[PDB]
Ligand SMILES: OC[C@H]1O[C@H](O[C@@H]2[C@H](O)[C@@H](O)O[C@H](CO)[C@H]2O)[C@@H](O)[C@@H](O)[C@@H]1O
Ligand SMILES: OC[C@H]1O[C@H](O[C@@H]2[C@H](O)[C@@H](O)O[C@H](CO)[C@H]2O)[C@@H](O)[C@@H](O)[C@@H]1O
Ligand SMILES: OC[C@H]1O[C@H](O[C@@H]2[C@H](O)[C@@H](O)O[C@H](CO)[C@H]2O)[C@@H](O)[C@@H](O)[C@@H]1O
Ligand SMILES: [Ca+2]
Ligand SMILES: [Ca+2]
Ligand SMILES: [Ca+2]
Ligand SMILES: [Ca+2]
Ligand SMILES: [Ca+2]
Ligand SMILES: [Ca+2]
Ligand SMILES: [Ca+2]
Ligand SMILES: [Ca+2]
Ligand SMILES: [Ca+2]
Ligand SMILES: [Cl-]
Ligand SMILES: [Cl-]
Ligand SMILES: [Cl-]
């Protein structure tokens, strides 16, 4: 009896795990995730980079990072307003790196940017037309997270 | 070994619990939930107050209640059209109360409202410009639910 | 110990099942699901019919099929642009059938359609009028999946 009950429960667990994964798939789809593409999403809340990072991490994602022009446009249409990207030049000034590791491949800087103005600007925001502007990490911008393809 | 399988099952259940909690958090975030703020959702369906209550209750939420101007604006944006609020004077005519209990504090009544017109109006709808009007609970208005912060 | 823990885990599993059902209801409501009505969802991606069937199949739904004018309008509004319907005449030219099986009840063909132009047209797209046109299954149109009422 006990070995049988346990086996049956193990089967119920497998089914439940698959059903949750399905729920996750349907949700991503409803929010616009394209086949074979990363899922970008926002709650339209503006906050400092430290909070965006903590927030996306809490949902098991990361701050949105455009790896090419196509993902840049995707993040642009999701954000609507100015949003932080998971890129900073905190280690060596001018050397932008992804918060998940590695040197910057694709970039879409605005005219006269990055300019590290004032006391300094080590974070990055995607703004109007999808162009980039380095900004203070302490400034508040829209939180956009990315989840794997 | 029975005991080893039971321990694995405890681990599988805990993992499931944590992933479902994550699914709930990601969904709220995608629906616009701001940090430390309750969030609002609607399917844009219009129905009598009693139905809205049942529906929200069934989702472990409650008909939306504006506790301040920010929340009121947020509800207004989600709704898009006239929607019921979790406020009524059903228990004692003239004394509006929250469906979850307590006398109404913050309010945003249109001029000359509430007016309990006709045979009476004991429900409340957020309408044009986000102002409020008491209306018959039997009329159909947009169902908007609120969930905890 | 053994038996008590097993009984607890059974209640844990049942509790999880109820919670996930709850999450699915909340998600459906946010996706726009109207009471007792089937609902349509899209990620706004355009792709060939085969990829639409595959994508909807993964999510345990089916390619959208309008059964009457009301459902046909619902699909139109969700898609916004041309979208494939779960209808084709791939089996027998001239004879449209549902992908779920069966001959065509409701139809909303644009004048002179279906015409199987040029090399051939075995799929159907609901256009920007709500009307239908048979088109190549290899063409890319918006993916709209359907879930039960
Ligand atoms: O110091 C912040 C930022 O200021 C300047 O850019 C302006 C801002 O991004 C914002 O206020 O919008 C303006 C356009 O409406 C934009 O010019 C630049 O000096 C920039 O380099 C700097 O990071
Ligand atoms: O905004 C005024 C009032 O409008 C609607 O009710 C109407 C009025 O009470 C009045 O003019 O009589 C009409 C029927 O003869 C009635 O429709 C409602 O929206 C009401 O709640 C509102 O206060
Ligand atoms: O609305 C008619 C027809 O339009 C589109 O196809 C075009 C026509 O078949 C025709 O004029 O020739 C064109 C190629 O030279 C062709 O694109 C399609 O929407 C078709 O399905 C429709 O029947
Ligand atoms: Ca620096
Ligand atoms: Ca810098
Ligand atoms: Ca700058
Ligand atoms: Ca009364
Ligand atoms: Ca009254
Ligand atoms: Ca009134
Ligand atoms: Ca054919
Ligand atoms: Ca054909
Ligand atoms: Ca045609
Ligand atoms: Cl900075
Ligand atoms: Cl009433
Ligand atoms: Cl074809």
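Here chain C follows Swiss-Prot for its numbers: 90-238, in order, are the residues you see.
Header says: X-ray crystallography, 1.9 Å.
Cβ coordinates come from backbone N, Cα and C, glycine included.
The feature disulfide bond is assigned by Swiss-Prot to C:145-C:234 (among others). Counting Cβ atoms from all protein chains shown, residue C:145 (disulfide bond) has 23 others lying within 10 Å of its own Cβ.
Sequence-distant neighbours of residue C:211 (Ca(2+) 1 binding site) (same chain, 6+ apart, CB under 8 A from its CB) are C:177, C:178, C:179, C:182, C:205, C:223, C:225, C:226. The Ca(2+) 1 binding site feature in Swiss-Prot is assigned to C:178, C:182, C:205, C:210, C:211.
Taken from Swiss-Prot, the feature Ca(2+) 2 binding site applies to C:202, C:204, C:210, C:222, C:223. Cβ contacts within 10 Å of residue C:202 (Ca(2+) 2 binding site), excluding its own Cβ and spanning all protein chains shown: 18.
The feature disulfide bond is assigned by Swiss-Prot to C:212-C:226 (among others).
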**Fill in**
Rounded Cα distance in angstrom between residue C:210 (Ca(2+) 1 binding site) and residue C:204 (Ca(2+) 2 binding site) is 8
**Message:** With every protein chain in view, what's the tally of Cβ atoms within 10 Å of the Cβ of residue C:204 (Ca(2+) 2 binding site), excluding that atom itself?
**Reply:** 11
**Prompt:** Per residue, counting other C-beta atoms within 10 angstroms of the C-beta, which of the binding-site residues C:182, C:223 reaches the highest number?
**Reply:** C:223
**Local backbone state of residue C:222 (Ca(2+) 2 binding site), from DSSP in three classes** = strand
**Item:** Separation of alpha carbons, residue C:222 (Ca(2+) 2 binding site) and residue C:234 (disulfide bond) (Å)
**Value:** 19
**residue C:202 (Ca(2+) 2 binding site) versus residue C:212 (disulfide bond) - Cα distance in angstrom** = 12
**Request:** Using a Cβ cut-off of under 6 Å to any atom of ligand 15, determine which of the recorded positions C:145, C:178, C:182, C:222, C:223, C:234 qualify.
**Result:** none
